[PDB]
Structure formats: structure tokens, C-alpha cells
Q: 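Please read through the structure below; I'll follow up with questions.
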Amino acid sequence: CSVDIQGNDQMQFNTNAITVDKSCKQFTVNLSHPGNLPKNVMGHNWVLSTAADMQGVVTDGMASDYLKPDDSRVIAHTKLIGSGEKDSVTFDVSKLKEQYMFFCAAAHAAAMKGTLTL
Ligand SMILES: [Cu+2]
């Protein structure tokens, strides 16, 4: 009923998929970032929400640890960790049901994009 998640300076997760065994009443995410943060990203966290609400959470974090205080869409999140730092978050699995998304709120990319060629 637990997992170790890691990020790096290439904006990669050690895994982009997490399974929660149904015997679990609580689940714990263990976050660490042993190497450097990505360039000009000064923090790393792990955030859980619905697939629908993810974008809202992200936009509102930049509008207001890159997260809106007491955001009701955020199921669970770690604090912002630096390089070489570590944090854990444990949450009640009862608040879940089903295709949820987890993300880091500190490293942003362009939401809207396309291709151009000559
Ligand atoms: Cu941003």
C-alpha cells in the first residue's frame, strides 16, 4: 500500500503509472529527487486530482507551491522538495473510486501547441 516516486532534471518520473491495491485503507507516496531539478524549476511535488480537474488545478496554481490554498480538487499532495530532499504523503483511499491523474505542479509546459514547417 505504498510506492516510491522519483523525478529528475529531464522531467521524467521513475514511473508514470501507479496501481492501488484494493485492500488498502490508506496509501502512501514516497517522493525523492536525488539529482538536480530541471533547469529553472525550483521545486518538485506530487499532486493527485481527477483527470478533468488537473488542468484547472494547474491554471489556478499559477494564478494563485504552485497550488491554490485549500483547493478542493486536490485529493493529495506532497510538499515542494528540492534536489536531494524527500517527502511522503499518505491519504485515505476511500476518497477514490477511477482514472485519476498525478502530476508535479512546479514544472509547467505549454497547454496549447502545434507544428510549423517550411
Ligand atoms: Cu506556469
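What you see below is based on every heavy atom in this structure, not just the backbone, and it leaves out hydrogens, waters and symmetry mates. All residue numbers refer to positions in the sequence shown, counting from 1.
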Q: What pairs of residues pass the side chain to side chain donor-acceptor pair (under 3.5 Å) test when at least one of them lies in residues 53-63, not counting sequence neighbours?
A: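 Sorted pair list: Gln55-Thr59, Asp60-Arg73.
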Q: What is the distance from atom CD of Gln6 to atom CZ of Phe13, rounded to the nearest 0.5 Å?
A: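 Rounded to the nearest 0.5 Å, the CD-CZ separation comes to 11.0 Å.
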Q: Distance from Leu48 atom CG to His77 atom NE2, nearest 0.5 Å?
A: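 Here the rounded value is 11.0 Å.
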Q: Could you give the distance from CE (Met42) to OG (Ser83), rounded to the nearest 0.5 Å?
A: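 The OG atom of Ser83 is 12.0 Å from CE of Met42, to the nearest 0.5 Å.
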Q: For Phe27 and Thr19, which heavy atoms make the closest approach, and how far apart are they?
A: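 Closest approach of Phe27 to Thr19, heavy atoms only: CE1-O, 4.1 Å.
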Q: Can you see which heavy atom on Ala110 is nearest to which on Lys113, and at what distance?
A: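 Shortest heavy-atom separation between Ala110 and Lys113 comes out as O-NZ, 3.8 Å.
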Q: Hey, what do you get for CD1 (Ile75) to OG1 (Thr50), rounding to the nearest 0.5 Å?
A: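 These two atoms lie 5.0 Å from each other.
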Q: Has the side chain of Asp65 got a donor or acceptor atom that lies under 3.5 Å from a matching backbone atom of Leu67?
A: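 Between the backbone of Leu67 and the side chain of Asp65 there is no qualifying donor-acceptor contact (under 3.5 Å).
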Q: Once rounded to the nearest 0.5 Å, what's the spacing between atom CZ of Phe102 and atom CD1 of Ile5?
A: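 The CZ atom of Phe102 sits 5.0 Å away from the CD1 atom of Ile5.
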Q: Which heavy atom of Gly7 sits nearest a heavy atom of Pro34, and at what distance?
A: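 Scanning both residues, the minimum pair turns out to be O-CD, 4.4 Å.
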Q: Do the side chains of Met54 and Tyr66 join up, straight or via other hydrophobic residues, at under 4.5 Å, putting them in one cluster?
A: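 The answer is no; the residues belong to distinct hydrophobic clusters.
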Q: Just to verify, what does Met62 make a side-chain contact (heavy atoms from CB on, under 4.5 Å) with, not counting sequence neighbours?
A: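 Residues passing side-chain contact (heavy atoms from CB on, under 4.5 Å) with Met62: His108.
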Q: Is there a path of hydrophobic side-chain contacts, each under 4.5 Å between heavy atoms of I, L, V, M, F, W or Y residues, that connects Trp46 with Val20?
A: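 Yes; tracing contacts between hydrophobic side chains, which count when under 4.5 Å, links both residues.
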Q: State, without any angle test, whether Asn45 and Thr78 hold a side-chain donor-acceptor pair at a distance under 3.5 Å.
A: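 No, no side-chain donor-acceptor pair sits under 3.5 Å.
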Q: What is the distance from atom CG of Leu31 to atom CG of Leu80, rounded to the nearest 0.5 Å?
A: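 Interatomic distance, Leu31 CG to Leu80 CG, rounded to 0.5 Å: 10.0 Å.
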Q: If you look at every heavy atom in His33 and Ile81, which pair is closest and at what distance?
A: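 For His33 versus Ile81, the nearest heavy atoms are N-CD1, 3.8 Å.
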Q: Under 4.5 Å between any side-chain heavy atoms of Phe103 and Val57, yes or no?
A: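 They are in contact (side-chain heavy atoms under 4.5 Å apart), so the answer is yes.
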Q: Taking CD in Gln26 as the centre, count heavy atoms belonging to other residues, nucleotides or ligands within less than 6.0 Å. Is the count above 12?
A: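 No, the 6.0 Å shell around CD holds no more than 12 heavy atoms from other groups.
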Q: Between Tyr100 and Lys95, what is the shortest heavy-atom contact and its length?
A: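 That closest heavy-atom pairing would be OH-O, 4.0 Å.
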Q: Do you know which of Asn30, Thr28, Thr90 makes side-chain hydrogen bond (donor to acceptor under 3.5 Å, both in side chains) with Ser2?
A: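 Between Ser2 and the candidates, side-chain hydrogen bond (donor to acceptor under 3.5 Å, both in side chains) is satisfied uniquely by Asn30.
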Q: Could you report the tightest heavy-atom contact between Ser23 and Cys1, atom names first, then the distance?
A: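 Closest approach of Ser23 to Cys1: OG-SG, 4.3 Å.
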Q: Answer yes or no: is there a donor N or O on one side and an acceptor on the other, between the side chain of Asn14 and the main chain of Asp4, under 3.5 Å?
A: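 Checking the backbone N and O of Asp4 against the side chain of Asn14, a donor-acceptor pair under 3.5 Å is found.
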